[PDB]
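A.B. asks: structure for this input, please:
(3 chains, ligands or ions: 2)
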Amino acid sequence: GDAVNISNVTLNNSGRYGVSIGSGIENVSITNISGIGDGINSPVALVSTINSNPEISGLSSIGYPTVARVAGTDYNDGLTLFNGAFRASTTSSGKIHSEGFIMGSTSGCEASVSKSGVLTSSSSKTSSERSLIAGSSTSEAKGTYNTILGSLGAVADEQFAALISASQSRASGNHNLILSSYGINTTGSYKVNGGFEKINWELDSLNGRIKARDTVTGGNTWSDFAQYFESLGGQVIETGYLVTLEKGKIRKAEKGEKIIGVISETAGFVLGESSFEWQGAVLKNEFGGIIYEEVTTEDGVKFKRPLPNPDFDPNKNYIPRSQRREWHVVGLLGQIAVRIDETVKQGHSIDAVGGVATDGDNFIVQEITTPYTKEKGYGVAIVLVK
Amino acid sequence: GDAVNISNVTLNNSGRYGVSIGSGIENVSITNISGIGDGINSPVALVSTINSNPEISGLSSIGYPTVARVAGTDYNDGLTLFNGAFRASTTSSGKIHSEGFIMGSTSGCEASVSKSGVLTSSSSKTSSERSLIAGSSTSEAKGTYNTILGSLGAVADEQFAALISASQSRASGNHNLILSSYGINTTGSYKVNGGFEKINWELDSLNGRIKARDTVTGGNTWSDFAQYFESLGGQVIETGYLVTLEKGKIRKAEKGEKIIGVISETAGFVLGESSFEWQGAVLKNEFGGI
Amino acid sequence: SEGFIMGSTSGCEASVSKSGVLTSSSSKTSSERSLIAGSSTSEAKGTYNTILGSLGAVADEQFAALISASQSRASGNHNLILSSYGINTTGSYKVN
Ligand SMILES: Nc1ncnc2c1ncn2[C@@H]1O[C@H](COP(=O)(O)OP(=O)(O)OP(=O)(O)O)[C@@H](O)[C@H]1O
Ligand SMILES: [Mg+2]
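C.D. replies: Numbering: from 1, shown residues only, chains lettered A, B, ... in the order given. Ligands and ions are numbered 1, 2, ... in the order given. For reference, the structure is listed below:
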């Protein structure tokens, strides 16, 4: 049998399976069924359905171990199930696919393909398989795996392309996301983008690049451009000390020696952290440049991969240079705090004795910020290092 | 009384409360009720329900000040209310909690806990309390406060962990977000991450750090690395001027004096903006370190 | 009438046209064209707001949004907060 309505049914201790729907049935409606099964010999389900396309609402029972068994799944306190195109709380809508819905939406919102949906939106369309549009207006999704959120006049027309808080904007890249933007058209793969009329910033997930059209800023009050150096013998060198090199490693600078910088605690920009992985995890040429292979992913993504170093051991638990003792942030350029002696004057230059500034030939003393005292054995001056 | 169906009812000037459901009632169904209340002496509600678990659809009326009062709340133009597990416009589904739903979804989408939901997705599972999965495939959420959007083979298994436009990826950090990524496993707390096979960029909300595996670029045509300096006497020094220092402050450079730089209008990278707060808002040591 | 509440608990409210709440507890939207999902103690009150996977989060300006945010407020025009705790934000076209 098929095409049957079962509504407003009460079962008082009647049937181990209360309502039962067989295999291959396309169209059944079950509403308002309530059963009692205390006095039944081994009751199973109040409602039972072998396939998933009967429609069900208003189920309650006492004494049945399962209120609903549908397509081999218990819904122990009942189910509300509708099949086909769905629409709730909307004023008007265009096309709705059987696996699409429109909710809380106005003026011709449309979800025309499988797994496409529109929420709380006006005049928005999706023909994207696996997609969501929400909190939006004049918007369209037409690729696949698209989400559009809190957006006006926004288009996502490529796979995994997405827009959040965007106006008059189009995301056309593979895995391409636009945020907090007005009037931008975007195309990169694995890119996060923002802009006003033109693209203004980019987070490139593919190559690991960060781009700003204008400035990048970091740091506080007096800051510097810095680089990680390794200390000779693995010593700790405190901040404010002038360092030199010996056997490729840093130590406190002595008389007549070249000052390469100052141990720094206030870098805005730093190089050579190895924050992600161990430094030798990737193959590098003789100049330190990464060696690559061109890979074309099964899908179609055409990228280049850094070559793995065979000597790399994924067992070894990586501790970054920022946590190691021997590795020091050394300020190379900028306004830097330096340990001085009694001989150092504002507006003058400095040489070094035991890593401590003495009157000399290098750089410029900007201002003494902590005057020398016999008891401390040093003062502190801001030195403009270049 | 309990377990009652009220359907296809028309009230022509009959009852101040049209349909009334008392306290402690678990199971009532109300469909297709239409009332007229012009000629009633002080009508209140077409439908009235003291608790929230009767189910309601197809309500209309004229002359009633409230079409529906449910659990002390007016729904003045009617309500459509279902309770329990919900499913609409989907081909198949696994487990659905009474406070879970599956919509516009295919092949065994499951929402097994309170406040878990799946939209427009295939073979996706959430057991995350307070979560959403949408526009997705082969995906799983299992922490709390997880959203997964436009994603394939994506896992969120920590609190507030989230993924948008991500492939074959896992976010395991506290408040940890992955964007526009393929094949990355992520763990930091208050981190935003992107990558292809390996993590390639990070926005650290916790410590205020920005990290790129490759390059950071800024600026235009001819650019420079720069720093904020304060002018002696508070003068304005125009761009293109060579500056020196005197009493820790900049002025135009003179003969034989040390040139420290040029007033710049085209910096790509700059230090010491104090863009966020006043410079002295935080305690610093003798070397300027926080 | 153009709002909904689904998979939600304790007094979730969607009081305006095109406002909706999903899988959330004690969350309110009075934002026209908005969504709150996977959330708790949260409120949207501007326009074009989405709040996702958030606790004690407020969006009270147009296109302001929060994802994976705690005890946080986005008040800027097209202003987005990510992966954050205890921040109040105000810039226009900013991600914070
Ligand atoms: N061959 C390796 N494979 C994987 N990890 C490694 C390897 N060698 C070292 N590490 C990791 O790097 C950390 C210390 O680095 P180590 O000094 O041993 O080598 P390195 O190449 O000198 O590193 P760095 O130059 O960063 O100091 C350790 O925590 C260890 O886990
Ligand atoms: Mg080493």
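A.B. asks: the longest strand along chain A close to chain B?
C.D. replies: Assignment by DSSP state E gives strand A:327-340 as the longest strand of chain A. Yes. Strand A:327-340 is in contact with chain B by C-beta under 8 Å from any C-beta of the partner chain, via A:333, A:334, A:335, A:337. Just so you know, the C-beta spots here come from the backbone N, C-alpha and C atoms, and that holds for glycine as well.
A.B. asks: same thing with stretch A:299-306?
C.D. replies: Yes. Contact of stretch A:299-306 with chain B (C-beta under 8 Å from any C-beta) involves A:301, A:303, A:305.
A.B. asks: restricted to strands, list these.
C.D. replies: A:303, A:305.
A.B. asks: tabulate the residues of stretch A:299-306 next to chain B (TSV), appending distance to residue A:242 and neighbour count.
C.D. replies: TSV is the format used below for those (distance: C-beta to C-beta, whole Å; neighbours: other C-beta atoms under 10 Å in any protein chain shown):
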residue	distance to residue A:242	neighbour count
A:301	49	16
A:303	44	17
A:305	42	15
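A.B. asks: what's the span of stretch A:142-160, first residue to last?
C.D. replies: Across stretch A:142-160, the terminal residues are separated by 11 Å (C-alpha to C-alpha, to the nearest Å).
A.B. asks: and chain C, is that stretch touching that?
C.D. replies: Yes. Judged by C-beta under 8 Å from any C-beta, stretch A:142-160 and chain C are in contact via A:149, A:150, A:151, A:152.
A.B. asks: so of the residues you listed, which ones are in helices?
C.D. replies: Nothing among these maps onto helices, per DSSP state H.
A.B. asks: closest to residue A:232 out of those?
C.D. replies: Distance to residue A:232, by C-beta to C-beta, is smallest for residue A:149 among these, at 54.4 Å.
A.B. asks: wait, doesn't the closest one sit right on residue C:34?
C.D. replies: No. Using C-beta atoms under 8 Å, residue A:149 is not in contact with residue C:34, being 9.7 Å away.
A.B. asks: joint contacts of these two?
C.D. replies: Shared contacts of residue A:149 and residue C:34, defined by C-beta atoms under 8 Å, 6 or more residues apart in numbering or on different chains, comprise A:135, C:50.
A.B. asks: what are the buried residues along stretch A:342-357?
C.D. replies: A:344, A:349, A:350, A:351, A:352, A:353, A:355, A:356, A:357 (16 or more other C-beta atoms under 10 Å in any protein chain shown).
A.B. asks: can you redo these as CSV with secondary structure?
C.D. replies: Formatted as CSV, the buried residues of stretch A:342-357 follow (DSSP: H, G, I helix; E, B strand; the rest coil):
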residue, secondary structure
A:344, coil
A:349, strand
A:350, strand
A:351, strand
A:352, strand
A:353, strand
A:355, coil
A:356, strand
A:357, strand
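A.B. asks: biggest separation within those residues, which pair?
C.D. replies: Across these, the longest distance by C-beta to C-beta is 16.6 Å; it joins A:349 and A:355.
A.B. asks: can you tell me what sits against stretch A:351-365?
C.D. replies: By C-beta under 8 Å, 6+ apart, stretch A:351-365 touches A:237, A:241-244, A:251-257, A:259, A:338-341, A:343-350, A:378, A:381-386, B:245, B:258, B:260.
A.B. asks: inside strands: which ones of those residues?
C.D. replies: Those of the contacts of stretch A:351-365 lying in strands (DSSP E): A:242-244, A:251-252, A:338-340, A:349-350, A:381-385, B:245.
A.B. asks: of these, which is the most crowded?
C.D. replies: residue A:242 (32 neighbours; other C-beta atoms under 10 Å in any protein chain shown).
A.B. asks: near chain B, which residues of the stretch 251-386 of chain A?
C.D. replies: Contacts of the stretch 251-386 of chain A with chain B, taken as C-beta under 8 Å from any C-beta, map to A:265-266, A:268-269, A:273, A:275-277, A:301, A:303, A:305, A:333-335, A:337, A:346-347, A:364, A:366-367, A:369-370, A:380, A:382, A:384, A:386.
A.B. asks: of these, list those near ligand 1.
C.D. replies: Near ligand 1, taking C-beta under 6 Å from any ligand atom as the test, no member of those is found.
A.B. asks: now do the contacts for the closest residue to residue A:37 other than its chain neighbours.
C.D. replies: Nearest non-adjacent residue to residue A:37, counting by C-beta to C-beta, 6 or more residues apart in numbering or on different chains: residue A:63, 3.4 Å away. Residue A:63 is in contact with A:35, A:36, A:37, A:38, A:39, A:40, A:43, counting by C-beta under 8 Å, 6+ apart.
A.B. asks: quick one: contacts of stretch A:180-200?
C.D. replies: Contacts to stretch A:180-200, defined as C-beta under 8 Å, 6+ apart, come from residues A:163-179, A:201-206, A:212-214, A:301, B:179-182, B:194, B:196, C:63, C:78-80, C:93-95.
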